[PDB]
Amino acid sequence: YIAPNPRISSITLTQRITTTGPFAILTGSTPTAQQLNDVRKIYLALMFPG
Amino acid sequence: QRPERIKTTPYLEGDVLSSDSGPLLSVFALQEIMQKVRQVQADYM
Amino acid sequence: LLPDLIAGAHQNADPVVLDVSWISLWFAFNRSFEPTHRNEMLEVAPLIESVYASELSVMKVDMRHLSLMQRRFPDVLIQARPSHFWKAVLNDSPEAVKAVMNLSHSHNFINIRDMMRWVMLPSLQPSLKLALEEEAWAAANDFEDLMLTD
Amino acid sequence: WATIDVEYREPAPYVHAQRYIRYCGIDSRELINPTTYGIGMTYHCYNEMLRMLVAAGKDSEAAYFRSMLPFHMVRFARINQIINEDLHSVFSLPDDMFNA
Amino acid sequence: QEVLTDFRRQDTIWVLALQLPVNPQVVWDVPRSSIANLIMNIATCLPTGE
Amino acid sequence: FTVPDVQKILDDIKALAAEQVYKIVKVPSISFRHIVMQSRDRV
C-alpha cells in the first residue's frame, strides 16, 4: 500500500514559511490494528465489484 | 519487467505502508464472515 | 493571474496561499522592512541561470533524436515505450538539474504527453556543450559509424 | 455518473466472464499510452464535487482534492489492471448473474 | 573587468563557454514549473533585513 | 535563511560551471596506423 507523496499538500518557501494543509489533523494519524483491518476490506470490496 | 511500473518523476514515489498478499486475504475474508455470525448469535437469543 | 482567480481555479497554476492571524495585521502596520544585508547569491545568479538553462537544452536535443529509434529499428524495439528513453536521459543528466525540476514535479503530476510537448518547443540556449551535442548526433546518424549492423 | 464503467471488448478465454471493469471510465493504457495532459485528467463524477466545494466556500478543501486527483486516477488504473487481467478464473462471477 | 586588461591583452584568445543573455523562454518551458521557479527565485534574490 | 534542500542544489550548479569540456593539446590524437605484412611495397 503506497502512500502519496508528502510534498503534495505542503510547499516550503523559506525555513520559517511553509504552506499549511487543510486536513492537517488527519494526515498525521497512524491507524490502529483494527482500523487497518478495515482498510483491507475496502480494497477487497473494490477488486470484486458486485 | 513491466513498463507500467516506471516512476519517471517523483509524484507516485511514496512510502511503503503495509504489505498484502493472496493467501493472506483468503484466510482473512473467511475470518470476517464467520466472525459476524458468531457475534450476532451471542448478543441475541 | 487576476482573471484566472475570479473566473475558475483550474486552467492555470494556483497562487500560493498563506495563513496569517488577525492581530498580525496590526503588527504589520507598525513594522517597516529595511533590507540591510543583500543576498550573497546575487552576483552569482547570471551564471547559475545560464548553467541551468544550458543543461535543459542538452536534454532537449537528447530527447529529439532518441524518440526516432522505434521507427528506425522496430525489430530491436517491439516493447520499448516512450517512458524508456525518458528513463535513459535522466540517468545521464546532472543531479542538480534534475533536482531543480523536482521541486514541482513532485508537487504536480505530468505524463508522457506533457514532456514530449516540451521537447518539440523551438527554444534552445546555445553554449559550448550544446553546440557540440547537436553535431555529435548528426555525425552518428548512420549507425554503421557506431559499428553495429544487421 | 456519466461513465460507462462496464464494457465488452473481446471473447475471453473463459466463456462466462466477458466483461471488463473500468472504474471511472479509465482504461489501463493511460498508465502507458496517455490521452490527455497532466492538468486535464478528470471525470464527470469527480469534477462536480470540486465545483460544489468552491461554491459553498470550502475553496481551501477543494484545492486539496484537486491536487490528489492524478494520484486518484492512477489508483483506479491499477484496480482495473487487477480485476480484468489477474482475477480472471472459473471462480469469477458469470455475466448473467452480474447483471442481476 | 580586471581580466580583460593587462599588458598582454593584445595576443590573447578568450575561450568563454557560456553565453550571458539567457533566453528566458527555455526556463519557462518546463511543464507546470511555476512553483519551481518561485522557490528558486526566493533562494537566489530575496534580501535579509530588520 | 533558505532551506538546506535548495542550498545544496545551488552549490552544484556552481560546480557544474567549472566543469571543463575540452582539452588543449599540442599534437592531435592519432587517426591512422599501418600494419606491416612481410612485404616491401604494400602495407
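None of the figures in this text is laboratory data; all of them are computed from the coordinates on show. A quick note on method: Cβ atoms are made from the backbone with ideal geometry, for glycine too, and the neighbour counts reach across all protein chains shown.
See the values below:
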{"item": "Test item: C:12-19 mean partner chain Cβ contacts at 10 Å", "result": "5"}
{"item": "For the stretch E:28-48 and the stretch A:22-50, distance of Cα centres in Å", "result": "37 Å"}
{"item": "Candidate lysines - alpha carbon under 18 Å from C:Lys87, same-chain residues fewer than 8 apart omitted", "result": "B:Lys7, C:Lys60, C:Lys98"}
{"item": "Exposure proxy ranking, count of Cβ atoms within 10 Å, fewest first, for E:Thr5, B:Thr8", "result": "E:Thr5, B:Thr8"}
{"item": "Proximal charge balance of B:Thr8 [Cβ under 13 Å; K/R count +1, D/E count -1]", "result": "+3"}
{"item": "Alpha-carbon centroids, the stretch D:34-65 and the stretch C:95-150: separation in whole Å", "result": "33 Å"}
{"item": "Residue order, fewest to most beta carbons within 10 Å, for D:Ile32, B:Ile33", "result": "B:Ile33, D:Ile32"}
{"item": "Neighbour net charge for D:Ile32 - beta-carbon separation under 9 angstrom, K R +1, D E -1", "result": "0"}
{"item": "Magnitude of the charge dipole, the stretch C:2-144, Cβ model with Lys/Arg +1 and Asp/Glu -1, debye to 20", "result": "420 debye"}
{"item": "D:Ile21 long-range amide H proximity, modeled H, under 5 Å", "result": "D:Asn84"}
{"item": "Shape category assigned to chain C from the gyration tensor of Cα positions, a/c cut at 1.5", "result": "prolate"}
{"item": "Highest-fluctuation residue, C:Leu42, C:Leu77, C:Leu25 considered, GNM on chain C with Cα pairs under 10 Å", "result": "C:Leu25"}
{"item": "Histogram of C-alpha separations across chain A, 5 Å bin width, %", "result": "4, 14, 17, 19, 16, 12, 9, 6, 3, 1, 0"}
{"item": "For chain E: rounded, prolate or oblate by the Cα gyration tensor [a/c cutoff 1.5]", "result": "oblate"}
{"item": "10 Å Cβ neighbours from other chains, averaged over peptide C:76-86", "result": "2"}
{"item": "Mean ellipticity per residue at 222 nm, deg cm²/dmol - from DSSP H runs of n ≥ 4 across chain C, formula -39500 (n - 2.57)", "result": "-12500 deg cm²/dmol"}
{"item": "Size of electric dipole in chain D: Cβ of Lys, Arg +1 and of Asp, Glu -1, about Cα centre, debye, nearest 20", "result": "300 debye"}
{"item": "Counted charge near C:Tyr52, where neighbours are those whose Cβ lies closer than 12 Å (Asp, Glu -1; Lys, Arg +1)", "result": "-1"}
{"item": "Ascending count of other beta-carbon atoms within 10 Å, so fewest first, for C:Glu135, D:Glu7", "result": "C:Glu135, D:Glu7"}
{"item": "Between chain F and the stretch C:8-25, the alpha-carbon center distance in angstrom", "result": "50 Å"}
{"item": "Size of electric dipole in the protein assembly as shown: Cβ of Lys, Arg +1 and of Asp, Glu -1, about Cα centre, debye, nearest 20", "result": "360 debye"}
{"item": "The protein assembly as shown: C-alpha gyration tensor shape, a/c 1.5 cut-off, then a/b vs b/c", "result": "oblate"}
{"item": "Max mean-square fluctuation residue, GNM over chain C, Cα-Cα springs under 10 Å, options C:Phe29, C:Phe109, C:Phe85", "result": "C:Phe29"}
